[PDB]
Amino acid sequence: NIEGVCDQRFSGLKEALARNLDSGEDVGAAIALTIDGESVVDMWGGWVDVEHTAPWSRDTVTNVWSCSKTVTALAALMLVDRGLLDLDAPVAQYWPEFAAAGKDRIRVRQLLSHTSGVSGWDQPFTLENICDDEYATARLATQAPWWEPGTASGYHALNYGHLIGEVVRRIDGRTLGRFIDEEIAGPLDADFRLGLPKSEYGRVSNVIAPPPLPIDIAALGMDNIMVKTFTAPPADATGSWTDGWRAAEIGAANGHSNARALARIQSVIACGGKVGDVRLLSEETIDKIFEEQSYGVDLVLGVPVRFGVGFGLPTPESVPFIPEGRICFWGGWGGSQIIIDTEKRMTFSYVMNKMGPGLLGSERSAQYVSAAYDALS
């Protein structure tokens, strides 16, 4: 039983979602797809929890973990489009405290491409620490890079929003979470926000944690950058249920939204900077997204990744279900996807509550993305 609309071209996408819901591989999911700004696929099915307390409704939202990075990146690119933020300027030019420990030459674009060298917090760090916005932001400004900036990419797993958000805050005045609401989510009427206000607790579906790892990476060395990044706050999807997590602003993983809002937000990039009569970027600023910034094995994700400014670029060897072309994308822990195909001017989005293993796509993510692209030919 699937609610919402789904174009007849994408029938095979609807059958995959239905059969995944019947088998339990998806507990509650939502798949959205816009073309040239107009909603073409907007579906959802399944339940809010494993106990079938309530079905996934239209405005059900959940934690969308790293899809929030695309909204954080969109906010930064908007300050660039207005001429207030220079991608080539050092981040210390806007954030003076960041110049400490030899970071005075790190450029703003390197924050957005995960090549800055600051991919996580130094290890006096806890789940409570990341919930303190100004404390977590100040800690990063004191750190030395974990590798030579621009030399490689290391996925800024949980501090991505703190780094870029502080640059946004010192330029605009508003916090990153508020900038998103007043300049992106508001003008486009999109159901996205950093965190979750208590007034919206009723329509949230708590994510289901991925399978436990056979070893706790404890006693296997923080000599590795990947371990330092993923243990800065200890990885626990359950932490996204807490009130402290939903009260903070973590532009890397804090977003609470659904597939319809993500596909609608990012339709600005797919349609050339304007959906309807709300233009947030020019095509000159959108061109900066698809300028390749880095390619190589990521120090954190452990696979080859091609990074643009704020988005990933097609990497068939690591993300095989996304074709090549002027396509930018990212996804969230558990399997969530947000894809921007400016050639077809479409946006795809898949949002679930049962988190699969891995921070790249899951088995379901490949089925849904492939079905969406098979129908488009």
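Numbers for residues come from their place in the sequence shown, where the first is 1.
Asker: Per the entry, where is the mean C-alpha temperature factor higher: 153 to 161 or 283 to 291?
Answerer: Per the PDB record, 283 to 291.
Asker: Quick one: higher average CA temperature factor, 36 to 44 or 305 to 313?
Answerer: According to the PDB entry, the answer is 36 to 44.
Asker: From the list 145, 296, 120, 186, select the residue with the highest C-alpha B factor recorded in the entry.
Answerer: Reading the PDB entry, the winner on C-alpha B-factor is 186.
Asker: Using only the C-alpha B-factors in the record, can you name which of 252, 112, 300, 222 has the highest?
Answerer: Max CA B-factor in the entry, restricted to 252, 112, 300, 222: 222.
Asker: How does residue 362 rank on Cα B-factor within its chain, lowest, middle or highest third?
Answerer: For residue 362, whose C-alpha B-factor we compare with every modelled residue in the chain, the answer is the middle third.
Asker: Using the B-factors in the PDB entry, rank residue 335's C-alpha atom against the chain and give the third, lowest, middle or highest.
Answerer: Within its chain, residue 335 is a lowest-third residue by C-alpha B-factor, going by the deposited values.
Asker: Going by what the PDB entry lists, where does residue 125 fall on CA B-factor within its chain: lowest, middle or highest third?
Answerer: Tercile = highest for this residue's CA B-factor.
Asker: Which third of the chain does residue 69 land in by C-alpha B-factor: lowest, middle or highest?
Answerer: Bottom third by C-alpha B-factor.
Asker: Report the third (lowest, middle or highest) to which the CA temperature factor of residue 209 belongs, ranking only the modelled residues of the same chain.
Answerer: Its C-alpha B-factor, which the entry lists for residue 209, ranks in the middle third among residues of this chain.
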